[PDB]
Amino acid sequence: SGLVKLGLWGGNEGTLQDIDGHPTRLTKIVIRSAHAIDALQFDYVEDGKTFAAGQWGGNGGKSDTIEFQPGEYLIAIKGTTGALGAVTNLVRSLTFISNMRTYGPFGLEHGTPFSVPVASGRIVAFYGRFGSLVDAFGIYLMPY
């Protein structure tokens, strides 16, 4: 893994989930959300084969699918973390900004913001902590 791994943003509960591969391209995100981020699932390419990571998190909220077109890639991710109900600190919102459009915000932008603008590099995968919801979130980047 010649990847830079950033994270975690969020809290300490739930369970750590992570990839088992060497991603070079992010092709798809399925995110479940409502008052916070419920779940994440994403597809990546490795040696020309597509692998499905996740679903990580629960089946609450509503689903949205982001299918990146060829030539489309993320240039920034933003989000917010904070309390929800009985959970002290989880991922309340996520926004995915590509070179073509913005996806989100998903969830609700309450709590402490974070932001990852990418001047040079490619976002290729994610990891985090998960229970019924997304407790924490992190990012894998490849040099460009």
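Note that residue numbering begins at 1 and tracks the sequence as displayed.
Higher mean CA B-factor, judged across 115-123 and 43-51 from the recorded values: 43-51. When 97-105 is weighed against 56-64, 56-64 comes out higher, by mean CA B-factor as recorded in the entry.
Among the modelled residues of its chain, residue 11 has a C-alpha B-factor that falls in the middle third according to the deposited record. Remark: residue 91 belongs to the middle third of its chain, ranked by C-alpha B-factor as recorded. In this PDB entry, residue 21 carries a Cα temperature factor that places it within the highest third of its chain's modelled residues. Per the deposited record, the Cα B-factor of residue 36 falls in the highest third when ranked against the other modelled residues of its chain.
Annotation for residue 76: CA B-factor lies in the lowest third of the chain's modelled residues.
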